[PDB]
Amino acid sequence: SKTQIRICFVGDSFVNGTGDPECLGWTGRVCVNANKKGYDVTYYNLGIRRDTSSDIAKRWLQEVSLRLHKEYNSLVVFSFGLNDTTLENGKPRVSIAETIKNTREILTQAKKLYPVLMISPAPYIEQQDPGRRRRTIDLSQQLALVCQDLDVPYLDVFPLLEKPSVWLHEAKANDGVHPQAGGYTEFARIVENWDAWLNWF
């Protein structure tokens, strides 16, 4: 009889798995993997398309609180930042200073209640914004630092999903942004080889 684990994945469209025709994304595939290691996983996907760190800051505690409880093994995984970096009227939807402040507030709170992990944003080539890559690398480095200071494991998937990874090829043959089964499978395989993920399961 298997050990029950409940996991909430909180984030944006990459956490939701938008673009995957198999409707799993990376979050679904890593839960399937955990099930093959003899766990009985309750999978709660709390990704919402277009969410920034400010949107997640506002909703995450009320949604996660209804799903996870101290009487069962629980884990919360956060992944966001791509939408913070988006320029609207030439200005980022959330400034890097605000993103960092949100991330600290979210993680400080989560750390007190639940086991927590965080994953970096993934590659996205936006033709009208070539500066997006650099701003995303800058953000991810800052997120890594916040996580370091709070002893929350942080997985940088960004470099492993650039070429020759199939991620961007799939995204561009779909809607420009979201990859399909191949890309989400590569993302999952990275997560599965992460020491913090392994050393928790």
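Throughout, we count residues from 1 along the sequence that is shown.
Asks: Which third of the chain holds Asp20 when residues are ordered by C-alpha B factor: lowest, middle or highest?
Replies: For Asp20, the deposited C-alpha B-factor lands in the middle third.
Asks: Hey, what third does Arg29 fall into on Cα B-factor, ranked over its chain?
Replies: For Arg29, the deposited C-alpha B-factor lands in the lowest third.
Asks: Relative to the other modelled residues in the chain, which third contains the C-alpha temperature factor of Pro164: lowest, middle or highest?
Replies: Its C-alpha B-factor, which the entry lists for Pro164, ranks in the highest third among residues of this chain.
Asks: Going by the entry, which third of its chain does the Cα temperature factor of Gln109 land in?
Replies: Middle third of the chain for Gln109's C-alpha B-factor.
Asks: Consider only the C-alpha atoms of the modelled residues in this chain, order them by B-factor as the entry records it, and name the third containing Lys58: lowest, middle or highest.
Replies: According to the entry, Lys58 has a C-alpha B-factor in the chain's lowest third.
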